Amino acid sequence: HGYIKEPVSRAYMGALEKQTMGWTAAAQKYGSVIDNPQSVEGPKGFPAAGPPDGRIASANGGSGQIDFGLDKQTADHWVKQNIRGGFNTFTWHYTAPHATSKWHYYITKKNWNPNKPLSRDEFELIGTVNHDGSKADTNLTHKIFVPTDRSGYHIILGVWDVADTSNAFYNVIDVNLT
């Protein structure tokens, strides 16, 4: 269990807006993830397997731990944060830092549709961090090159594949790319 804390993952933005908007208003916006940003958990093997299209952002209900609120997708729904093209760092916060196979990072393609459910074919791989099966917390922060050929609203997907389970953690990040 864990989430991407910097940049602020959509899930963690849910936790953060719980403090500012209140439990009811934040939950209306994000669903039940506001209480458990660490539990966006689904089957591993993305992209050939894993959560189906339209269920990527919630990891298909987080294996029962959360609802489908993260799967809404509109140009306007989510809080964007600014990021620059080029090298960026991605820091996970862990509540249970399981033995890990890899992390892998994707960005939406230049022509993606921000008003449709997220699908695999809208993402391209941008970096892969292989791990030796040791606990996640032996490599907390990953240096990933975000494409410089792209601007405006994009989604970065970070995925954490857990070595000792059939699962992975899926954290979309809403970004304004400059």
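A residue's number is simply how far along the shown sequence it sits, counting from 1.
Per-stretch averaging of Cα B factors for 54-62 and 132-140 places 132-140 on top. Comparing 20-28 with 7-15, the higher mean C-alpha B-factor in the PDB entry belongs to 20-28.
Among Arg84, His93, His77, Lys102, the highest C-alpha B-factor in the deposited entry belongs to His93. Going by the entry's values, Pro47 shows the largest Cα B-factor out of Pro37, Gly127, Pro114, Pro47.
In the PDB entry, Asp67 places in the middle third of its chain by CA B-factor.
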